[PDB]
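Q: So here's protein_6.pdb, just PDB, C-alpha atoms:
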ATOM      1  CA  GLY A   1     -22.652  -2.676   9.199  1.00  0.00           C
ATOM      2  CA  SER A   2     -22.578  -1.955  12.926  1.00  0.00           C
ATOM      3  CA  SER A   3     -23.040   1.062  15.196  1.00  0.00           C
ATOM      4  CA  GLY A   4     -19.712   2.843  15.556  1.00  0.00           C
ATOM      5  CA  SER A   5     -19.069   6.336  16.898  1.00  0.00           C
ATOM      6  CA  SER A   6     -16.096   7.928  18.659  1.00  0.00           C
ATOM      7  CA  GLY A   7     -15.552  11.138  20.603  1.00  0.00           C
ATOM      8  CA  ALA A   8     -12.905  11.642  23.277  1.00  0.00           C
ATOM      9  CA  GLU A   9     -12.550  14.890  25.223  1.00  0.00           C
ATOM     10  CA  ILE A  10      -9.805  17.142  23.859  1.00  0.00           C
ATOM     11  CA  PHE A  11      -6.300  16.052  24.852  1.00  0.00           C
ATOM     12  CA  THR A  12      -2.653  17.057  24.458  1.00  0.00           C
ATOM     13  CA  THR A  13      -1.046  16.357  21.084  1.00  0.00           C
ATOM     14  CA  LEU A  14       0.829  13.109  20.448  1.00  0.00           C
ATOM     15  CA  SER A  15       4.338  12.824  19.005  1.00  0.00           C
ATOM     16  CA  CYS A  16       4.647   9.305  17.598  1.00  0.00           C
ATOM     17  CA  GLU A  17       4.512   7.232  14.411  1.00  0.00           C
ATOM     18  CA  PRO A  18       1.545   8.032  12.131  1.00  0.00           C
ATOM     19  CA  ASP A  19      -1.568   5.886  11.716  1.00  0.00           C
ATOM     20  CA  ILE A  20      -1.526   2.911   9.348  1.00  0.00           C
ATOM     21  CA  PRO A  21      -2.707   4.137   5.920  1.00  0.00           C
ATOM     22  CA  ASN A  22      -5.391   2.315   3.934  1.00  0.00           C
ATOM     23  CA  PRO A  23      -4.374  -0.478   1.523  1.00  0.00           C
ATOM     24  CA  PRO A  24      -3.675   0.321  -2.154  1.00  0.00           C
ATOM     25  CA  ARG A  25      -6.366  -0.461  -4.726  1.00  0.00           C
ATOM     26  CA  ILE A  26      -6.178  -1.596  -8.351  1.00  0.00           C
ATOM     27  CA  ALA A  27      -6.873   0.944 -11.094  1.00  0.00           C
ATOM     28  CA  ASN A  28      -5.368  -0.959 -14.023  1.00  0.00           C
ATOM     29  CA  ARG A  29      -3.769  -4.405 -14.212  1.00  0.00           C
ATOM     30  CA  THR A  30      -2.395  -6.244 -17.245  1.00  0.00           C
ATOM     31  CA  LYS A  31      -0.791  -9.594 -18.067  1.00  0.00           C
ATOM     32  CA  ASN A  32       2.637  -7.993 -17.661  1.00  0.00           C
ATOM     33  CA  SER A  33       1.817  -4.951 -15.530  1.00  0.00           C
ATOM     34  CA  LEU A  34       0.003  -3.861 -12.369  1.00  0.00           C
ATOM     35  CA  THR A  35      -1.193  -0.366 -11.462  1.00  0.00           C
ATOM     36  CA  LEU A  36      -1.860   0.495  -7.818  1.00  0.00           C
ATOM     37  CA  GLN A  37      -3.205   3.705  -6.284  1.00  0.00           C
ATOM     38  CA  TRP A  38      -3.301   4.715  -2.619  1.00  0.00           C
ATOM     39  CA  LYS A  39      -4.151   7.799  -0.562  1.00  0.00           C
ATOM     40  CA  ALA A  40      -2.300   9.637   2.207  1.00  0.00           C
ATOM     41  CA  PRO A  41      -3.037   8.956   5.900  1.00  0.00           C
ATOM     42  CA  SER A  42      -3.521  11.529   8.660  1.00  0.00           C
ATOM     43  CA  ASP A  43      -0.338  13.528   9.237  1.00  0.00           C
ATOM     44  CA  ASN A  44      -0.137  13.786  13.027  1.00  0.00           C
ATOM     45  CA  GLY A  45       3.053  15.109  14.592  1.00  0.00           C
ATOM     46  CA  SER A  46       5.233  15.659  11.533  1.00  0.00           C
ATOM     47  CA  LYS A  47       4.766  15.766   7.760  1.00  0.00           C
ATOM     48  CA  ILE A  48       5.251  12.283   6.312  1.00  0.00           C
ATOM     49  CA  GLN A  49       8.620  12.082   4.558  1.00  0.00           C
ATOM     50  CA  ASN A  50       7.656   9.509   1.929  1.00  0.00           C
ATOM     51  CA  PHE A  51       5.783   6.256   1.304  1.00  0.00           C
ATOM     52  CA  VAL A  52       7.277   2.763   1.490  1.00  0.00           C
ATOM     53  CA  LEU A  53       5.688   0.141  -0.760  1.00  0.00           C
ATOM     54  CA  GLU A  54       6.578  -3.552  -0.552  1.00  0.00           C
ATOM     55  CA  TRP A  55       5.620  -6.759  -2.360  1.00  0.00           C
ATOM     56  CA  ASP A  56       6.529 -10.445  -2.586  1.00  0.00           C
ATOM     57  CA  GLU A  57       7.647  -9.976  -6.192  1.00  0.00           C
ATOM     58  CA  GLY A  58       4.641 -12.163  -6.936  1.00  0.00           C
ATOM     59  CA  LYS A  59       6.614 -15.266  -5.993  1.00  0.00           C
ATOM     60  CA  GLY A  60       4.431 -16.858  -3.332  1.00  0.00           C
ATOM     61  CA  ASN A  61       6.921 -17.439  -0.526  1.00  0.00           C
ATOM     62  CA  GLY A  62       6.245 -14.710   2.019  1.00  0.00           C
ATOM     63  CA  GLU A  63       9.189 -12.348   1.608  1.00  0.00           C
ATOM     64  CA  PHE A  64       8.346  -8.663   1.179  1.00  0.00           C
ATOM     65  CA  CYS A  65      10.964  -6.357  -0.337  1.00  0.00           C
ATOM     66  CA  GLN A  66      11.110  -2.613  -0.988  1.00  0.00           C
ATOM     67  CA  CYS A  67       9.562  -2.065  -4.420  1.00  0.00           C
ATOM     68  CA  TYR A  68       8.954   1.687  -4.528  1.00  0.00           C
ATOM     69  CA  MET A  69       9.824   4.493  -2.113  1.00  0.00           C
ATOM     70  CA  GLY A  70       8.917   8.118  -2.756  1.00  0.00           C
ATOM     71  CA  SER A  71       6.318  10.875  -2.510  1.00  0.00           C
ATOM     72  CA  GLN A  72       4.046   9.827  -5.376  1.00  0.00           C
ATOM     73  CA  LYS A  73       1.111   7.617  -4.391  1.00  0.00           C
ATOM     74  CA  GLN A  74       0.943   5.622  -7.626  1.00  0.00           C
ATOM     75  CA  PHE A  75       3.326   3.076  -9.144  1.00  0.00           C
ATOM     76  CA  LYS A  76       2.880   0.746 -12.118  1.00  0.00           C
ATOM     77  CA  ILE A  77       4.883  -2.472 -11.813  1.00  0.00           C
ATOM     78  CA  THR A  78       5.717  -3.652 -15.331  1.00  0.00           C
ATOM     79  CA  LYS A  79       7.570  -6.731 -16.576  1.00  0.00           C
ATOM     80  CA  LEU A  80       5.115  -9.136 -14.946  1.00  0.00           C
ATOM     81  CA  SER A  81       3.268 -12.312 -15.930  1.00  0.00           C
ATOM     82  CA  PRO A  82      -0.433 -13.238 -16.233  1.00  0.00           C
ATOM     83  CA  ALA A  83      -2.106 -15.277 -13.492  1.00  0.00           C
ATOM     84  CA  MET A  84       0.610 -14.293 -11.017  1.00  0.00           C
ATOM     85  CA  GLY A  85      -0.688 -13.669  -7.509  1.00  0.00           C
ATOM     86  CA  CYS A  86       1.288 -10.849  -5.910  1.00  0.00           C
ATOM     87  CA  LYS A  87       0.771  -9.204  -2.519  1.00  0.00           C
ATOM     88  CA  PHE A  88       1.542  -5.630  -1.470  1.00  0.00           C
ATOM     89  CA  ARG A  89       1.553  -3.305   1.540  1.00  0.00           C
ATOM     90  CA  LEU A  90       1.538   0.458   2.103  1.00  0.00           C
ATOM     91  CA  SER A  91       3.097   2.330   5.026  1.00  0.00           C
ATOM     92  CA  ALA A  92       3.891   5.951   5.874  1.00  0.00           C
ATOM     93  CA  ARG A  93       7.126   7.063   7.537  1.00  0.00           C
ATOM     94  CA  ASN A  94       7.844  10.464   9.083  1.00  0.00           C
ATOM     95  CA  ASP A  95      10.639  12.138  11.047  1.00  0.00           C
ATOM     96  CA  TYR A  96       9.805   9.640  13.793  1.00  0.00           C
ATOM     97  CA  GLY A  97       9.656   6.399  11.831  1.00  0.00           C
ATOM     98  CA  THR A  98       7.668   4.044   9.615  1.00  0.00           C
ATOM     99  CA  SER A  99       4.160   3.451  10.961  1.00  0.00           C
ATOM    100  CA  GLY A 100       2.470   0.058  10.968  1.00  0.00           C
ATOM    101  CA  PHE A 101       2.023  -1.473   7.522  1.00  0.00           C
ATOM    102  CA  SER A 102      -1.464  -1.534   6.005  1.00  0.00           C
ATOM    103  CA  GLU A 103      -3.376  -4.804   5.667  1.00  0.00           C
ATOM    104  CA  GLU A 104      -1.613  -7.193   3.288  1.00  0.00           C
ATOM    105  CA  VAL A 105      -3.495  -7.128  -0.017  1.00  0.00           C
ATOM    106  CA  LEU A 106      -3.472  -9.974  -2.540  1.00  0.00           C
ATOM    107  CA  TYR A 107      -3.942  -9.237  -6.241  1.00  0.00           C
ATOM    108  CA  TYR A 108      -3.811 -11.282  -9.446  1.00  0.00           C
ATOM    109  CA  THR A 109      -2.687  -9.821 -12.772  1.00  0.00           C
ATOM    110  CA  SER A 110      -5.261  -9.837 -15.571  1.00  0.00           C
ATOM    111  CA  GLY A 111      -6.100 -13.161 -17.194  1.00  0.00           C
ATOM    112  CA  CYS A 112      -8.868 -15.725 -17.615  1.00  0.00           C
ATOM    113  CA  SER A 113     -12.385 -14.350 -17.160  1.00  0.00           C
ATOM    114  CA  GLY A 114     -15.980 -15.543 -17.330  1.00  0.00           C
ATOM    115  CA  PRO A 115     -19.566 -14.231 -17.436  1.00  0.00           C
ATOM    116  CA  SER A 116     -21.286 -12.415 -14.570  1.00  0.00           C
ATOM    117  CA  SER A 117     -23.610 -14.297 -12.219  1.00  0.00           C
ATOM    118  CA  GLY A 118     -27.103 -13.893 -13.634  1.00  0.00           C
TER
END
Any chance you could give the structure as structure tokens?
A:
Amino acid sequence: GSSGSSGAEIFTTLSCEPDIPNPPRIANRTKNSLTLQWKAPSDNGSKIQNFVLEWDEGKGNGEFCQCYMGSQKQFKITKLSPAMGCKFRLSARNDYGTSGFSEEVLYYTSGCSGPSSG
């Protein structure tokens, strides 16, 4: 932790791309499936049209491709394999355009598991 507080004197509105939304978390992952859930950022300027999710199809090369694009904030990617590291990224796009993409997140489908440190 570290001291952190903001507070700028009122100012005129801003008409530009929205702020980068937080990265999607895991709510349920299987050997052949992966469930991800994310929230909505701060709508500033214009209501966000839809969300644009991307992933490297769990290949491990570094090529992100449109996986899901819509309003919903939850998508379960089925037809996967166990022990397959796959990355993802969330981004909001409004009348203006798609805002910066969240921080690349790396996940690994269910699989091997051991005891808890104790």
Q: One decimal, in Å: what's the spacing between CA of residue 42 in chain A and CA of residue 103 in chain A?
A: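 Spanning CA of residue 42 in chain A to CA of residue 103 in chain A is a straight-line distance of 16.6 Å.
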Q: Quick one: distance from CA of residue 87 in chain A to CA of residue 101 in chain A in Å, one decimal?
A: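 Taking CA of residue 87 in chain A and CA of residue 101 in chain A, their separation equals 12.7 Å.
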Q: If we count all atoms listed in the file, what is near range 65-80 of chain A at a cut-off of 6 Å, once residues fewer than 4 positions away on the same chain are taken out, given as an MDAnalysis selection string?
A: chainID A and resid 32:38 50:55
Q: The PyMOL selection byres ((chain A and resi 97) around 12) - which residues does that actually catch in the file I just gave you? List them as number ranges by chain.
A: A: 15-20, 45-52, 91-96, 98-101
Q: Residues picked by the PyMOL selection byres ((chain A and resi 109) around 6) here, as a ChimeraX atom specification?
A: /A:29-31,82-84,108,110
Q: Given the selection you just returned, output its residues as a file containing C-alpha atoms, formatted as an mmCIF file, keeping the file's coordinate frame.
A:
data_model
loop_
_atom_site.group_PDB
_atom_site.id
_atom_site.type_symbol
_atom_site.label_atom_id
_atom_site.label_comp_id
_atom_site.auth_asym_id
_atom_site.auth_seq_id
_atom_site.Cartn_x
_atom_site.Cartn_y
_atom_site.Cartn_z
ATOM 1 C CA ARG A 29 -3.769 -4.405 -14.212
ATOM 2 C CA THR A 30 -2.395 -6.244 -17.245
ATOM 3 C CA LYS A 31 -0.791 -9.594 -18.067
ATOM 4 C CA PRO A 82 -0.433 -13.238 -16.233
ATOM 5 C CA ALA A 83 -2.106 -15.277 -13.492
ATOM 6 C CA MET A 84 0.610 -14.293 -11.017
ATOM 7 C CA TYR A 108 -3.811 -11.282 -9.446
ATOM 8 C CA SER A 110 -5.261 -9.837 -15.571
#
Q: Rank nothing, just name the residue among A:57, A:104, A:63, A:9 nearest to residue 25 in chain A, using all atoms listed in the file.
A: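 Looking at the shortest contact to residue 25 in chain A, the residue is A:104.
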Q: Can you measure CA of residue 6 in chain A to CA of residue 21 in chain A for me? One decimal in Å is fine.
A: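 Calculated distance between CA of residue 6 in chain A and CA of residue 21 in chain A is 18.9 Å.
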Q: With distances taken over only C-alpha atoms, which of A:2, A:12, A:81, A:89 is nearest to residue 111 in chain A?
A: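 Counting only C-alpha atoms, the residue closest to residue 111 in chain A is A:81.
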Q: With only C-alpha atoms counted, which protein, DNA or RNA residues have an atom no more than 9 Å from (-1.7, -13.7, -2.3) in the file frame? Please answer as a list in words.
A: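 Taken together, the residues in range are residues 56, 58, 60, 85, 86, 87, 88, 104, 105, 106, 107 and 108 of chain A.
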Q: Taking all listed atoms of range 56-73 of chain A, build the axis-aligned box, pad each of the six sides by 8 Å, then write its centre and edge lengths in Å to one decimal as JSON.
A:
{"center_x": 6.1, "center_y": -3.3, "center_z": -2.5, "size_x": 26.0, "size_y": 44.3, "size_z": 25.0}
